[PDB]
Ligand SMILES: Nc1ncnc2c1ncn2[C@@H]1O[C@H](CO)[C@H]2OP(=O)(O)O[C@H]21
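Below you will find one chain, with nothing else, as structure tokens; this is the form deposited without the ligand, and questions on how it binds or moves follow later.
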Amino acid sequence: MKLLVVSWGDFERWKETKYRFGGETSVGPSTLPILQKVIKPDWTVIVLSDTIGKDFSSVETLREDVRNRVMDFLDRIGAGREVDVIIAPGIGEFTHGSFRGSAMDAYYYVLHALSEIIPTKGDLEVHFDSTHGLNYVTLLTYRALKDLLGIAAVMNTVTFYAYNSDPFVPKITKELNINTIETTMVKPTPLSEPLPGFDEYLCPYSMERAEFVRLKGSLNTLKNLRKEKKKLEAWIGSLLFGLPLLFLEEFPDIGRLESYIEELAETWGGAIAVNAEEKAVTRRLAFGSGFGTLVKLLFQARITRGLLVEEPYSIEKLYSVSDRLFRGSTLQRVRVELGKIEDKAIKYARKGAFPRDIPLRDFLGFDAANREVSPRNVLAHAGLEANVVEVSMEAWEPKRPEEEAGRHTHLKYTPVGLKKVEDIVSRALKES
């Protein structure tokens, strides 16, 4: 699929001009139609500062004000149906009002909005126009885009293109070129940051330090995370470090993560105080880095949900998951470890032995030394450490064992072992 994203400031103040792009031309106030004409995008996203709001009756008339005029202006140069408009929280003192809050709220808001727009199935061709963007909103939208596409690139080929028109000078300008300023094949970057201390999800901007602790206490999300924090970090680490069995057993609940974000998003919006008489907007809650981590964590889950196979987790299903999830030397380490356990399984099968609920140490044949679950041996052996993994071969009549053993040999962690891996992997994500 093809996606086009553009950073806009104040669109009603631009001038009619002609643009050249991809051996084609167009005449109007915006770059959008000629971009839409060449790229033929399957979807188009517009990111504005909500700073343009004229009527402050309250938050919903502001987001209505802006959307109305974007919809009017989008008719005025035929920008089509297939459009989303991300009306972001910008700040400062202006002609027709005043907005206040954390400057980083836009990053987290644009990140949350794009995480709900960017296709999670299939390949991506992303197009970005920095022409007409506010300097800080363009830079935050650029970062937010690249952060999620980095996570998409794990499962899919992602090519990114960015455009900036030649500078418009109102006196000399005949025609402005749409230059390609960047064209890159996005590199796979799985989420590599742990969930933070419970301060960093929502922070107070200008809300009294006693009122905050009241509302933080009241939230469901934060207390449900206190529980799940370690298992989520265990899953994040599973992609980072090449732990295919931990990836499956720790797969997060997408609908529950959806809930956490919704509650934090509407909580952040429910602390936006609008004074109609001072034409003043104060966003009393600031988004925290942990809101960013959760958005990315959920996005990463959607991208990889296709791999969550039915139990029991066989050697064959684990090869299959690994081939998609891992690259470079990590993939090759995982193929070797599964190789050992498979090659042994094939030995057992030719002797008519089908061990059920047998320790991986006893399955591979280990002398009773060490038996301590080291960070070293968990991370070094694709999380398939011998003191934490139960093995079972569903008994069957073999004709081609070198083929079958992959299907009939299943791995799961022991309940004790899983808590040791969870602790080890969580801890490794924090020394990062």
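Take the two forms, superpose them, and find the largest set of C-alpha atoms that agree within 1.5 Å; that set is the rigid core. Residue indices: 1-based, along the sequence shown.
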Worksheet item: in 4 other deposited structures of this protein, superposed by the rigid core, which stretch departs further from the shown form in CA positions, 343-351 or 79-87?
Response: 79-87
Worksheet item: Core fit done; bigger CA RMS in 4 other deposited structures of this protein for 214-222 or for 315-323?
Response: 214-222
Worksheet, complete the sentence: Comparing mean C-alpha B factor in the record for 298-306 and 272-280, the higher one is 272-280
Item to complete: Name the higher of the two by mean Cα B-factor in the PDB entry, 130-138 versus 313-321.
Response: 130-138
Worksheet entry | Options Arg256, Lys340, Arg327, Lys171 - largest CA temperature factor per the record | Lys171
Discussion item. So if I compare the CA B-factors in the entry for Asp105, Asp362, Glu193, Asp75, which one is the largest?
Written reply: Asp75
Worksheet item: By the record's CA B-factor, is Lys121 among the lowest, middle or highest third of residues in the chain?
Response: middle
Discussion item. Going by the CA temperature factor in the PDB record, which third of the chain does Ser392 belong to: lowest, middle or highest?
Written reply: middle
Fill in: Chain-wide C-alpha B factor ranking for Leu32, given as lowest, middle or highest third
middle
Response to the item:
In terms of its chain's C-alpha B-factors, the third that includes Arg407 is the middle
Worksheet item: Looking at the C-alpha B-factor of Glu385, is it in the lowest, middle or highest third of its chain?
Response: lowest
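Here the subject shifts to the form solved in complex with the ligand, a form of this protein not shown in this document.
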Discussion item. Would you classify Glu249 as touching the ligand in the entry with it bound, given a 4.5 Å non-hydrogen atom cut-off?
Written reply: no
Worksheet item: Would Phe366 count as a contact of the ligand in the entry with it bound, using a 4.5 angstroms cut-off between non-hydrogen atoms?
Response: yes
Discussion item. When the contact criterion is heavy atoms within 4.5 Å, does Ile118 count as touching the ligand in the entry with it bound?
Written reply: no
Worksheet item: Could you tell me if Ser392 has a non-hydrogen atom within 4.5 Å of the ligand in the entry with it bound?
Response: no
Practice prompt. Sort through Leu149, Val110, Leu202, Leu360 and report the residue having a heavy atom within 4.5 Å of the ligand in the entry with it bound.
Written response: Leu360
Worksheet, complete the sentence: If we test each of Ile46, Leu379, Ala386, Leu62 for a heavy atom within 4.5 Å of the ligand in the entry with it bound, the one that passes is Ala386
Worksheet item: Among 226-234, 333-341, 277-285, 257-265, which stretch has residues whose heavy atoms lie within 4.5 Å of the ligand in the entry with it bound?
Response: 333-341
